[PDB]
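J.: The structure file input.cif (mmCIF, N, CA and C atoms) is provided below.
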data_coords
loop_
_atom_site.label_atom_id
_atom_site.label_comp_id
_atom_site.auth_asym_id
_atom_site.auth_seq_id
_atom_site.Cartn_x
_atom_site.Cartn_y
_atom_site.Cartn_z
N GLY C 1 135.25 101.97 102.47
CA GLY C 1 135.56 102.73 101.25
C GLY C 1 135.19 102.06 99.90
N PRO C 2 136.08 101.22 99.35
CA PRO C 2 135.88 100.63 98.01
C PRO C 2 135.43 99.14 97.96
N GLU C 3 136.38 98.24 98.19
CA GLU C 3 136.48 96.79 97.84
C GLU C 3 137.46 96.68 96.66
N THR C 4 138.69 96.26 96.99
CA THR C 4 139.93 96.31 96.17
C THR C 4 140.36 97.70 95.68
N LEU C 5 141.53 98.16 96.15
CA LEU C 5 142.10 99.48 95.77
C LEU C 5 143.58 99.80 96.13
N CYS C 6 144.47 98.82 96.28
CA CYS C 6 145.89 99.10 96.68
C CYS C 6 146.74 99.90 95.67
N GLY C 7 146.22 100.11 94.46
CA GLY C 7 146.86 100.95 93.42
C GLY C 7 146.63 102.44 93.67
N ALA C 8 147.24 102.93 94.76
CA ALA C 8 147.28 104.32 95.25
C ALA C 8 145.95 104.93 95.73
N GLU C 9 144.89 104.70 94.96
CA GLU C 9 143.52 105.18 95.24
C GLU C 9 142.98 104.79 96.64
N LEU C 10 143.50 103.70 97.20
CA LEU C 10 143.30 103.31 98.62
C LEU C 10 143.33 104.50 99.60
N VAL C 11 144.22 105.46 99.32
CA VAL C 11 144.47 106.65 100.17
C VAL C 11 143.23 107.56 100.22
N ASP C 12 142.50 107.74 99.12
CA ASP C 12 141.26 108.55 99.14
C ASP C 12 140.13 107.92 99.98
N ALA C 13 139.98 106.59 99.86
CA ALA C 13 139.02 105.80 100.64
C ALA C 13 139.38 105.78 102.14
N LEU C 14 140.66 105.55 102.41
CA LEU C 14 141.29 105.67 103.75
C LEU C 14 141.02 107.06 104.39
N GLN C 15 141.27 108.12 103.63
CA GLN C 15 141.07 109.52 104.06
C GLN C 15 139.62 110.00 104.29
N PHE C 16 138.61 109.22 103.89
CA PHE C 16 137.21 109.51 104.30
C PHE C 16 137.01 109.36 105.82
N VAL C 17 137.84 108.49 106.40
CA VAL C 17 137.72 107.99 107.78
C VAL C 17 138.60 108.78 108.77
N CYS C 18 139.90 108.74 108.48
CA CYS C 18 141.01 108.90 109.43
C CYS C 18 141.04 110.20 110.28
N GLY C 19 140.39 110.08 111.44
CA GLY C 19 140.43 111.08 112.53
C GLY C 19 139.87 110.50 113.85
N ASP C 20 140.70 109.74 114.56
CA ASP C 20 140.37 108.89 115.74
C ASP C 20 139.46 107.71 115.36
N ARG C 21 138.42 108.03 114.59
CA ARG C 21 137.72 107.11 113.68
C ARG C 21 138.74 106.92 112.52
N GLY C 22 139.82 106.20 112.87
CA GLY C 22 141.02 106.03 112.05
C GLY C 22 142.24 106.80 112.60
N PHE C 23 143.29 106.93 111.78
CA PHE C 23 144.52 107.68 112.15
C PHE C 23 144.45 109.20 111.85
N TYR C 24 145.61 109.86 111.84
CA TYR C 24 145.87 111.13 111.12
C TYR C 24 147.36 111.09 110.71
N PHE C 25 147.68 111.54 109.49
CA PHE C 25 149.00 111.26 108.90
C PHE C 25 150.17 111.99 109.59
N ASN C 26 151.11 111.11 109.93
CA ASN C 26 152.18 111.23 110.95
C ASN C 26 152.29 109.92 111.78
N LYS C 27 151.20 109.14 111.78
CA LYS C 27 151.10 107.83 112.49
C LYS C 27 151.59 106.50 111.86
N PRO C 28 152.00 106.40 110.57
CA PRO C 28 152.16 105.13 109.82
C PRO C 28 151.56 103.80 110.32
N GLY C 29 152.01 102.71 109.65
CA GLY C 29 151.53 101.33 109.85
C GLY C 29 150.18 100.97 109.19
N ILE C 30 149.57 101.96 108.55
CA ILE C 30 148.18 101.89 108.06
C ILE C 30 147.95 101.38 106.63
N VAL C 31 148.38 102.15 105.64
CA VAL C 31 148.48 101.75 104.21
C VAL C 31 149.08 100.34 104.00
N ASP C 32 149.98 99.98 104.93
CA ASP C 32 150.57 98.65 105.11
C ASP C 32 149.51 97.52 105.15
N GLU C 33 148.50 97.64 106.02
CA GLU C 33 147.47 96.60 106.18
C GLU C 33 146.58 96.39 104.93
N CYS C 34 146.36 97.46 104.16
CA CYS C 34 145.80 97.40 102.80
C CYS C 34 146.70 96.65 101.81
N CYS C 35 147.93 97.15 101.67
CA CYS C 35 148.89 96.65 100.67
C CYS C 35 149.70 95.39 101.08
N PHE C 36 149.19 94.69 102.09
CA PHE C 36 149.29 93.21 102.19
C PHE C 36 148.56 92.50 101.04
N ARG C 37 147.64 93.25 100.42
CA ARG C 37 146.92 92.99 99.15
C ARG C 37 145.57 92.28 99.27
N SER C 38 144.82 92.38 98.17
CA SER C 38 143.34 92.37 98.14
C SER C 38 142.71 93.37 99.14
N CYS C 39 143.29 94.58 99.08
CA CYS C 39 142.85 95.81 99.79
C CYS C 39 141.32 95.95 99.87
N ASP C 40 140.84 96.72 100.83
CA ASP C 40 139.48 96.45 101.36
C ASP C 40 138.53 97.63 101.51
N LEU C 41 137.24 97.27 101.57
CA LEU C 41 136.16 98.05 102.21
C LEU C 41 135.74 97.32 103.49
N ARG C 42 135.47 98.11 104.52
CA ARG C 42 135.19 97.68 105.91
C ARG C 42 136.28 96.93 106.69
N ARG C 43 137.09 96.12 106.02
CA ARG C 43 138.49 95.93 106.45
C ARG C 43 139.32 97.19 106.05
N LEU C 44 138.75 98.07 105.22
CA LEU C 44 139.13 99.51 105.16
C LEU C 44 139.07 100.15 106.55
N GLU C 45 137.97 99.82 107.21
CA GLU C 45 137.67 100.23 108.59
C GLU C 45 138.38 99.35 109.63
N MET C 46 139.35 98.55 109.16
CA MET C 46 140.41 97.95 109.99
C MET C 46 141.84 98.12 109.39
N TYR C 47 142.01 98.99 108.39
CA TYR C 47 143.36 99.30 107.85
C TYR C 47 143.86 100.73 108.05
N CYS C 48 142.99 101.74 107.99
CA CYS C 48 143.29 103.13 108.43
C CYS C 48 143.41 103.23 109.98
N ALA C 49 143.78 102.12 110.61
CA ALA C 49 143.61 101.80 112.05
C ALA C 49 142.27 102.22 112.72
N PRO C 50 141.09 101.86 112.16
CA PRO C 50 139.81 102.24 112.77
C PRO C 50 139.16 101.11 113.58
N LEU C 51 138.60 101.59 114.67
CA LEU C 51 137.81 100.82 115.65
C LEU C 51 136.31 100.66 115.28
N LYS C 52 135.43 101.51 115.81
CA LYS C 52 133.96 101.38 115.66
C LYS C 52 133.30 101.44 114.25
N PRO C 53 133.70 102.31 113.30
CA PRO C 53 133.07 102.52 111.98
C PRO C 53 131.90 101.62 111.53
N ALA C 54 132.03 100.98 110.37
CA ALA C 54 131.09 99.91 109.93
C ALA C 54 131.74 98.52 109.78
N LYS C 55 132.98 98.39 110.24
CA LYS C 55 133.70 97.09 110.35
C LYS C 55 132.89 96.16 111.26
N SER C 56 132.67 96.64 112.48
CA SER C 56 131.64 96.16 113.41
C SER C 56 130.24 96.49 112.90
N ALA C 57 129.76 95.56 112.07
CA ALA C 57 128.40 95.48 111.47
C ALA C 57 128.11 96.47 110.31
#
Starting from the file, lay out its structure as structure tokens.

T.:
Amino acid sequence: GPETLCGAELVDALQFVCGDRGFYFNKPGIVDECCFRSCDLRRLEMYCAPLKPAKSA
């Protein structure tokens, strides 16, 4: 998604992904991994709980 964004906007970047290629809302634990802070791109693809995306390369 971005590269730094825990000030709410994280959710829009997160929501580009989240559908098995990530979560779907009802699942929690996700926004959590971002707002451990220095929120992420491609660790974006490890915070919306995503597997394959572009995290892996």

J.: Take the point (138.9, 97.4, 109.7) as written in the file and pick out every residue within 10 Å of it, counting only C-alpha atoms; give the list as a PyMOL selection string.

T.: chain C and resi 22+33-34+40-56

J.: I need the residues of chain C that end up classed as helix (DSSP H, G or I) by DSSP on the backbone, written out as an MDAnalysis selection string.

T.: chainID C and resid 10:14 30:34 44:46

J.: If we count only C-alpha atoms and set the cut-off at 9 Å, which residues sit around residue 5 (chain C), ignoring sequence neighbours fewer than 4 positions away in its own chain? Please answer as a list in words.

T.: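 In the requested format, the answer is residues 9, 10, 11, 13, 34, 35, 37, 38, 39, 40 and 41 of chain C.
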
J.: Could you please determine the separation between atom N of residue 1 (chain C) and atom N of residue 14 (chain C) in Å, to one decimal place?

T.: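 The value is 6.5 Å.
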
J.: Could you pull region 10-27 of chain C out of the block above and give me N, CA and C atoms, as an mmCIF file, in the first residue's frame?

T.:
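Okay, part.cif is ready:
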data_model
loop_
_atom_site.group_PDB
_atom_site.id
_atom_site.type_symbol
_atom_site.label_atom_id
_atom_site.label_comp_id
_atom_site.auth_asym_id
_atom_site.auth_seq_id
_atom_site.Cartn_x
_atom_site.Cartn_y
_atom_site.Cartn_z
ATOM 1 N N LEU C 10 -4.135 3.962 6.900
ATOM 2 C CA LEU C 10 -3.748 2.533 6.829
ATOM 3 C C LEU C 10 -4.873 1.611 6.315
ATOM 4 N N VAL C 11 -6.104 1.923 6.720
ATOM 5 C CA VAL C 11 -7.319 1.135 6.402
ATOM 6 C C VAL C 11 -7.606 1.141 4.893
ATOM 7 N N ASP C 12 -7.419 2.264 4.201
ATOM 8 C CA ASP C 12 -7.613 2.307 2.731
ATOM 9 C C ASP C 12 -6.591 1.454 1.949
ATOM 10 N N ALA C 13 -5.332 1.509 2.385
ATOM 11 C CA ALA C 13 -4.230 0.701 1.836
ATOM 12 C C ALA C 13 -4.425 -0.796 2.107
ATOM 13 N N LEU C 14 -4.772 -1.104 3.355
ATOM 14 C CA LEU C 14 -5.208 -2.438 3.820
ATOM 15 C C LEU C 14 -6.369 -3.013 2.966
ATOM 16 N N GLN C 15 -7.405 -2.196 2.759
ATOM 17 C CA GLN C 15 -8.594 -2.557 1.969
ATOM 18 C C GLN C 15 -8.417 -2.742 0.447
ATOM 19 N N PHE C 16 -7.270 -2.362 -0.121
ATOM 20 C CA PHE C 16 -6.946 -2.733 -1.522
ATOM 21 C C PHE C 16 -6.776 -4.257 -1.692
ATOM 22 N N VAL C 17 -6.371 -4.891 -0.594
ATOM 23 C CA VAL C 17 -5.920 -6.298 -0.539
ATOM 24 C C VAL C 17 -7.048 -7.263 -0.118
ATOM 25 N N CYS C 18 -7.555 -6.990 1.086
ATOM 26 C CA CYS C 18 -8.221 -7.945 1.982
ATOM 27 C C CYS C 18 -9.436 -8.730 1.424
ATOM 28 N N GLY C 19 -9.095 -9.890 0.847
ATOM 29 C CA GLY C 19 -10.051 -10.932 0.418
ATOM 30 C C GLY C 19 -9.339 -12.264 0.112
ATOM 31 N N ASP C 20 -9.040 -13.028 1.166
ATOM 32 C CA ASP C 20 -8.176 -14.242 1.191
ATOM 33 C C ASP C 20 -6.703 -13.911 0.886
ATOM 34 N N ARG C 21 -6.517 -13.109 -0.165
ATOM 35 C CA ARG C 21 -5.354 -12.231 -0.369
ATOM 36 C C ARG C 21 -5.571 -11.097 0.671
ATOM 37 N N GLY C 22 -5.403 -11.504 1.939
ATOM 38 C CA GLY C 22 -5.737 -10.711 3.133
ATOM 39 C C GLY C 22 -6.974 -11.241 3.886
ATOM 40 N N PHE C 23 -7.505 -10.432 4.808
ATOM 41 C CA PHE C 23 -8.723 -10.787 5.580
ATOM 42 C C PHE C 23 -10.056 -10.404 4.874
ATOM 43 N N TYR C 24 -11.148 -10.381 5.641
ATOM 44 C CA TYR C 24 -12.383 -9.600 5.364
ATOM 45 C C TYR C 24 -12.974 -9.225 6.738
ATOM 46 N N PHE C 25 -13.462 -7.990 6.876
ATOM 47 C CA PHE C 25 -13.757 -7.434 8.213
ATOM 48 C C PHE C 25 -14.943 -8.101 8.933
ATOM 49 N N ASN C 26 -14.564 -8.499 10.140
ATOM 50 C CA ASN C 26 -15.174 -9.532 11.023
ATOM 51 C C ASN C 26 -14.070 -10.423 11.653
ATOM 52 N N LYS C 27 -12.896 -10.448 11.004
ATOM 53 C CA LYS C 27 -11.704 -11.219 11.447
ATOM 54 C C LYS C 27 -10.690 -10.662 12.483
#
